[PDB]
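Quick heads-up: it's one chain on its own, the form deposited in one PDB entry, in structure tokens.
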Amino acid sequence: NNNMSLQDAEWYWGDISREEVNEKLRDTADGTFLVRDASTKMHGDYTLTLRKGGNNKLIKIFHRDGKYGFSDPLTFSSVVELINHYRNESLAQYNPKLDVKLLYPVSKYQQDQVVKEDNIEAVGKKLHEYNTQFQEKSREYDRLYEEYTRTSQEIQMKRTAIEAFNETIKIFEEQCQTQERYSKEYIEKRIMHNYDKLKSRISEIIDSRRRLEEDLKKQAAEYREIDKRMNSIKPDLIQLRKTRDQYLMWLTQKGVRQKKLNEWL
């Protein structure tokens, strides 16, 4: 009535590791919480994890001679009775620095509704289809990332060669300015052949740098465009990973062993 079974409660998730519960409370609203069996794996601990202030808190539920509570006054009888008391009353009584109460419980029943096809006939076949899609997409993304890294090296190499061509022009232009000063003594009265060659070499180099500038521009666009495809593929890889692991998590409790998964993967 006021104390139900923990097994049928929605916030109580049973036995999950710390890394498996950080994802559940990741980027969530402040005040969300869930109760799990303690990592130390005794009986009756039921550590409570709470998301307050942008980080995940942990609270241990002490238990002595059939009672439960946070501090040493073990007034509350059952775990369900204790939590339901702090959903309607803020934790400020327990600690002044703890303000936000247990507002939004993380529930496992809604995630059960998320899964289609509770019958075993479709769970096995759907998992293979999702894994094939996930493996194909993962291979596609690894190919794009390798290509994207390659184009990063080319534009970096091409950009430096652009800097060298800018400096070579500067040296040649500086050398030409010396000729303008030095040719005064002769124009007032060979040199003509020498000057034509210098102008010819600079003009060709100007074209060579300009062709490098155009080539970098084309390479830069491809570097950007493929970075658009890579950024678009990733969200689809995110959704497929969640559903594939969801089916595996649902299927792994039917009596199979981890060695089967290791060989399959």
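Each residue number is its position in the shown sequence, starting from 1. Here, rigid core means the biggest group of C-alpha atoms that superpose within 1.5 Å across both forms.
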Practice item. Note whether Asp118 lacks coordinates in a third or more of the other compared entries that model its flanking residues. Key: yes
Review point. According to the entry, are there none, 1 to 3, 4 to 9, or 10 or more residues of the deposited sequence without coordinates between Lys189 and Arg190?
Key: 10 or more
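Beyond the structure shown, there is the form deposited in another entry, which is absent from this document and is the topic of what follows.
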Check your understanding: Is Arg26 among the residues whose Cα moves by 2 Å or more between the shown form and the other one after superposition of the rigid core?
Key -> yes
